[PDB]
């Protein structure tokens, strides 16, 4: 294949918006490291040579990256090749076996996927109990955001996307939110008030095409916008700040999940629903998950009872 490859590649970039901005972000990323690696070793980065890719994967493993990370590089590589006509590195025994070997040894050595710290009902009550009394715009928002996070289990990006017009109400007085027909998420009577209070303190409702959450400057003034949203990077800040607020500084180990993050309310809610007897699938749906293992990991005497009697 020749001009074909250059053309197949050319078609991709044209309709690049068929993929998520993050897929592109990662593609380019993995490519930079793949090329960097090839460079430092006198090798042709495209098309990728199986034996080269193998060496590369073993190099990342050796760099101590996570199995799911190594899987990513291999994947983007595979994406770049399929999408362009040529055969994928995963097509060769060398890459395929080494991947599985890399997976096996890491797991065998104890490496496991890190889980997020939960932001449960209790945590919400405490946070609420504390910030409930603030007049600060910053706080009224943060409290309203955490409430929505918890109540709905919506990904931070989904919350950051919410538009005022997307806010229906129910005959109960209970707020409702549409996530793109899509899905309707109903807030409790208590959270609806939290959101009501932030809506009335920022004046985001001054334009139904405005995003519900917006930045709030140091002088306690909201900056609504219908074109730009609050960075999910910031929604993550609200989670981290609120945690510092209560538990202070993060131990300098550098590890992940030493404070709340995007997942926190989701994983936390899954547990409360569990302890409360909710049905597993009930849980699944709410969290938008498709599988039973994701919800299960999040939740973790039987025999010790039978015996003792």
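Numbering follows the first chain given and starts at 1. Whichever C-alpha set is largest while still superposing within 1.5 Å between the two forms counts as the rigid core.
In terms of root mean square C-alpha deviation after superposing on the rigid core in 6 other deposited structures of this protein, the stretch standing farther out between 102-110 and 189-197 is 102-110. Rigid core superposition in 6 other deposited structures of this protein puts the Cα atoms of one stretch, out of 166-174 and 71-79, farther from the shown form on average, and that stretch is 166-174. Gap between residue 300 and residue 301: 4 to 9 deposited residues without coordinates. Per the record, residue 180 and residue 181 are separated by 4 to 9 deposited residues that have no coordinates.
Higher mean CA B-factor, judged across 93-101 and 135-143 from the recorded values: 135-143. Mean C-alpha B-factor is higher over 252-260 than over the other stretch, the pair under comparison being 49-57 and 252-260. For the set 71, 151, 129, 170, the maximum C-alpha B-factor listed in the entry falls on 170. Reading the B-factor column for the CA atoms of 27, 280, 246, 270 in the entry, the top value corresponds to 280.
Annotation for residue 120: CA B-factor lies in the middle third of the chain's modelled residues.
Residue 162: CA B factor lies in the highest third for its chain, per the PDB record. For residue 208, the recorded CA B-factor ranks within the highest third of the chain. Only modelled residues enter the ranking. In the PDB entry, residue 176 places in the highest third of its chain by CA B-factor. Sort the chain's modelled residues by C-alpha temperature factor and residue 236 lands in the lowest third, per the entry.
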